[PDB]
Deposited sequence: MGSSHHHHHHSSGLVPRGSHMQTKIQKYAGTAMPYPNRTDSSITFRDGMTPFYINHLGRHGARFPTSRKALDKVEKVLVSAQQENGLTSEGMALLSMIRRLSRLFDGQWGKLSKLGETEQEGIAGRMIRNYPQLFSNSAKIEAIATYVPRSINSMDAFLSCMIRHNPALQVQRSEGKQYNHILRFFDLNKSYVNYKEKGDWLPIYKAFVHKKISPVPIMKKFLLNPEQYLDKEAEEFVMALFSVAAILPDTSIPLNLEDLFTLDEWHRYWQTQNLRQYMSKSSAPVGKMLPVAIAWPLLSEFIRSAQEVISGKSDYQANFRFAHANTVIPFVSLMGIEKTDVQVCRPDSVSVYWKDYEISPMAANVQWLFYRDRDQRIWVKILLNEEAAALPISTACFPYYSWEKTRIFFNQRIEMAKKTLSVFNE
């Protein structure tokens, strides 16, 4: 996975991943998608279509105005859709799971899927379920979607306090200062604009952030276009750093968020344990529980489990880039899997996969990546209570 791929952050595409378990517990962000709003593509368009009128585009400028006009037609009626690469990212995840754990899904295995009400959550579910059903049509499948799992998969919109922190919160003054410190527009304008001076300093940054925006998502759409040549590997690096810091402060352990963005996910960590505990006892015959949602679900959820490095509390804004990497945690199609195993002697082992790679918890095990479930369920129970007590503050 290349540096420029990584600098896409949460817009990065899901990377390459070319005994038996008895239960699998899963949460997945939808795969590669289209841009969700024409906001960025329009700021770019109206600036460039201004300069052209005034006869003030560079040659590369008309180049960019071309593509942009193209991408406008290629994005028509597609806003928010999951992309063909998303369909593929999900079929691969599920395909791999089925090759890895065939016994788990053989015969009349019962599985269960939930998704938010959001069309591309549901298109993910369907992508996932199709592969499984075509590999084994004798699966038993419960499929469901809707506002009802909002408290589980969109808790980040139900918490009045978080909502307020996120809109007019304290991380904002730190993010704006960081953007001005890390991103100089004036070297990027004159690439496309004759006389970039008469553009306001504020509008220049509005334009250059929209431009990074348009470029960064472009690889997730499966369109042959590609605008990474727009920027030097260092512009992409500085830009990534302002967004890695935005994801981190609005959405994870940034000490400015006082743990509030992480705590709001305990309803989901709890359904995760419920789901499992029900299978380990017998109030559920489910081989699997799949859940499809969003980056805003995954990020706080991953931090609340305390998967190593994701819970890090870092006080210097420029250090965060070193210890917290959002393309590590929440690429496109980012997924958490718990795989439960019952060994000879009847003891339970859980293995946690972040994006199909073994995760570490700050609890012991003489059998890594396999942790004792007793230990784990207790550890997570510590985290949940420790989140309810931060939310009590609010």
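- Coordinate coverage of the deposited sequence is interrupted at 1 to 21, 40 to 48, 425 to 426, where no C-alpha atom was modelled.
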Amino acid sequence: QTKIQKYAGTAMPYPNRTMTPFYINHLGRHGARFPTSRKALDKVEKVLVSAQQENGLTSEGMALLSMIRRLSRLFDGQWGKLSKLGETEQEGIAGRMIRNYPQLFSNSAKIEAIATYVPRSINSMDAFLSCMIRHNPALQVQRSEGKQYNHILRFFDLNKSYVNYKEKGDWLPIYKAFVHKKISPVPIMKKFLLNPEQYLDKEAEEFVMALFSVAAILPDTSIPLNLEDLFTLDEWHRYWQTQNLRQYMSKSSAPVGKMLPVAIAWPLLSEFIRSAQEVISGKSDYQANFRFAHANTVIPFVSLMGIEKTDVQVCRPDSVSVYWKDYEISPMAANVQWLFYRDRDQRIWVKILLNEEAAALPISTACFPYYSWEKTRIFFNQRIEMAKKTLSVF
From here on, numbers count along this sequence of modelled residues.
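- Look at the mean CA B-factor for 21 to 29 and for 381 to 389 in the entry; the higher one is 381 to 389.
- With 88 to 96 and 183 to 191 compared on mean CA B-factor from the PDB entry, the stretch scoring higher is 183 to 191.
- Highest C-alpha temperature factor among 126, 285, 112, 145, as the PDB entry reports it: 285.
- For the set 332, 350, 358, 44, the PDB entry puts the maximum C-alpha B factor at 44.
- Sort the modelled residues of the chain by CA B factor and residue 294 lands in the lowest third.
- For residue 116, the recorded CA temperature factor ranks within the lowest third of the chain's modelled residues.
- When the modelled residues of the chain are ordered by C-alpha B-factor, residue 80 sits in the lowest third.
- For residue 71, the recorded CA temperature factor ranks within the middle third of the chain's modelled residues.
- In this PDB entry, the Cα temperature factor of residue 275 sits in the bottom third of its chain's modelled residues, the lowest group.
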